[PDB]
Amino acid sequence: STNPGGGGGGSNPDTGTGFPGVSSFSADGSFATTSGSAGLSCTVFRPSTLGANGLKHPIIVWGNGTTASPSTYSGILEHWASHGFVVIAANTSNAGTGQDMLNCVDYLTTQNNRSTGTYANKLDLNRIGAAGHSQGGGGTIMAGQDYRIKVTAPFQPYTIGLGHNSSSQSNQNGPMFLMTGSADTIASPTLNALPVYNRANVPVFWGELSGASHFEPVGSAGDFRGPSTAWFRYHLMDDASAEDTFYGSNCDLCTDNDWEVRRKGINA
């Protein structure tokens, strides 16, 4: 949380990659947003103007929970877009293999590399993260093996079925912000998340939110919204103010009794 600008009604300085600073990770940011279909089988939520002020936009690829669509998560996806991310959701309700998510990344790469178009030279292909809920959180871990996925944020992942291959957990490309809810009886954290924490080959920040059901991530994603935004702003925008959300002995979530935190490979 620590920011030299002091937040609030002040004006926090730009991030390391040049994106506007924000006074809150849970409130929407300064970019007006739009959404629409992308490549037939994806849906994008993005700033309505891309590439202003010399910026190249980081990307979050999203996988839905079982039975769900991108609209089920429109609040959280629009929220990230309002901070400056280009957010691409696989449309599928069956995101567990990770392949649809990676196809959405391939699609945006093509568009970035065109001479003209919505995305032409406007994306930062070195700053891609993955996130998703439920089976889509398992799919985030599956997709997170790919060398282009810099960090992941699985929201209540389901890893005991629905396309998951648990060996993916030990083949991640980058660090993981693993989120669970203590009231989640559908993707039991003991069965679905504890094994990921144990076997992951990367640093893991595992936060379990007290009193969160399996439906906390739907819509605007509740009390996961701010933390997930901090994670992606830190790693994909070099927002230094998000560092002490996760790192150090006195990190924000570490001293917040609403969270049970288990870390590995994270400076503490």
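When you see a residue number, it is the position in the sequence shown, counting from 1.
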Given 190 to 198 and 114 to 122, the range whose Cα B-factors average higher in the PDB entry: 114 to 122
Higher-B stretch (mean Cα B-factor, as the entry records it), 144 to 152 or 99 to 107: 99 to 107
Identity of residue with top Cα B-factor, from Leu236, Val44, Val204, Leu40: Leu40
Residue selected from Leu77, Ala183, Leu178, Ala130 by maximal Cα B factor: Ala183
B-factor third for the C-alpha atom of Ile60 within its chain: lowest
Chain-wide C-alpha B factor ranking for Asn53, given as lowest, middle or highest third: highest
Ranked against its chain, the third holding the CA B-factor of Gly211: highest
For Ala221, the third of its chain into which the C-alpha B factor falls: middle
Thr229 CA temperature factor, ranked by third within the chain: lowest
